[PDB]
Structures are given as structure tokens and as C-alpha cells.
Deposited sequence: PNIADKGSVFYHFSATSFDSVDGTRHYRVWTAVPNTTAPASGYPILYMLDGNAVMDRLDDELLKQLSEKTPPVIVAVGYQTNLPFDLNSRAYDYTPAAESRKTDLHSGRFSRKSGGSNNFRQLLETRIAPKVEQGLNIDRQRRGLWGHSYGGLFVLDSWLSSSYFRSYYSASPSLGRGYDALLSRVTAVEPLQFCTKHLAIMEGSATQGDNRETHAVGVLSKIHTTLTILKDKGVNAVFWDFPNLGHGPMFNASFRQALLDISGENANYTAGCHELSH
């Protein structure tokens, strides 16, 4: 989150604090607002997990590029720490309850949607109809879990969801959704690395078949690591109208 301390000509920042209900997890949320005027409808907005990591890698070339179209307000939900990732915190907040401590997705969603989001969009013109959610790895699983129950977000970017570790059933739950309340919902799964492809292919096949607006972003041979950057930058690019 140095570009926040540093400062950009394309965006201006502000940091704020939050705590989990159990009081053992502490959050640091950075809100980045474009320095360019917001469209009539308002700035689109993207809430992003692993906030410290996103903020530490956010560069101006990207900010400039987003400014070429409709730059979004960026909400990097991180943790009060000096490292880019809080392995224990995220390991709990991002994993689905349905399927070390895990399964705190619902409570983290509660915190996110009824406390953080309401507070950070305050005094800002946001196209609330253009809200997006992005997550990678465990964060990826949280987006899927959110897609399944939230009506708060419109665009959902699940990147490299680590379902192959006690969460394989989440994909199953996702491809199982009732056609009714999901027909129009957006869902973009992002992968790279290199039958995971087949499962994703099939998933999107069944979802599109149900009438769901599911899409696949492929980044051939990109490791799990490089996928963090690729997906978080492309999602921003996408939400900005690329």
C-alpha cells in the first residue's frame, strides 16, 4: 500500500479501520478515488480482497490505463499489518461455511456488505448498479460463495479459486444453482497455470445453458502466483469498460 502513502496523479487515497465481531481480526481498507470526474451515473466500484497485496502492487501505468476509459473506485480490503498478506486472517474470512480456523465467509460478507461498503461509498457518487467483487485463490472461493448468496454485487471475478483443497464441492454448488434467481447474474472465472480446465469449461457450459452470464478468462501457463496480478489488473480493466 505504498502508492497510497506515495500518492498518484490519477487517484487520491484514504485509509480507514474496521474490526471483526469476535474482535480478533483488524482490517485496513484503502479507498482509491479517480482524480478524473465521475460519469453521470457514477464511478463503477471494485471491492478487492488481500488489500495490502493489491495496494503494494498498484502502479500508475495501470491507473493511467483505467483513466483512459471509465476509471473505477477501488476498495482494497486489507489487514492491519506490514506484510502484503495475512495468511491466517484471509484463510478464515474467505472460506465458505457450508463446506487452522476456516469458514468465516458469511460473517466477513456481513462485515463487508453492511459496514465497510456503506461507509466507504459515503459522500461518493458510485454506480451502485456497477459494483464488483474480486478475489484470488481463497479469495476466489469467497467470490463464488458470494455469487451464491449476495445481491449486493453485480460483477463477480473469481480468480484461481483453490477449490482443490476441501472446497471442490463449492464448484458443484455453483453449477447447481436454481435457474430462477441466477439467470442474469454475472460470473467471471479466471484461470491460467496451463482436468481443471475441463471442470471450468463444463461449469460455464452448464451455467450458460441455464441462462447464466458466466465467462472464462484464460491466461495460459501463468503460475498461481502471477495470476494474482493478471486477474486483479484485468478485472479492474474490465470493470472500467475495456
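Counting from residue 1 of the deposited sequence, the stretches lacking C-alpha coordinates in this chain are 100-111, 207-217, 266-278.
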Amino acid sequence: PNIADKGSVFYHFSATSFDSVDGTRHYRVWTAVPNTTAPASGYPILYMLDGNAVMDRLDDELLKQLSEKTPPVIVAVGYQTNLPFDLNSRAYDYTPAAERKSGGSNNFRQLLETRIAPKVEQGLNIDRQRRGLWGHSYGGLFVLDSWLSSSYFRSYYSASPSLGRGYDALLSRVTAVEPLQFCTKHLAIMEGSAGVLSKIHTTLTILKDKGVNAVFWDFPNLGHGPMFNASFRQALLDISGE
From here on, numbers count along this sequence of modelled residues.
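Higher average CA B factor: 127-135, of the stretches 141-149 and 127-135. Look at the C-alpha B-factors of 118-126 and of 155-163. On average they run higher in 118-126. The top Cα temperature factor in the record, among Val29, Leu63, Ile200, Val54, falls on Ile200.
In this PDB entry, the Cα temperature factor of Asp93 sits in the bottom third of its chain's modelled residues, the lowest group.
Ranked within its chain, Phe182 lands in the highest third, by CA B factor from the PDB record. Remark: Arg25 belongs to the middle third of its chain, ranked by C-alpha B-factor as recorded.
For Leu46, the recorded CA temperature factor ranks within the lowest third of the chain's modelled residues.
When the modelled residues of the chain are ordered by C-alpha B-factor, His224 sits in the highest third.
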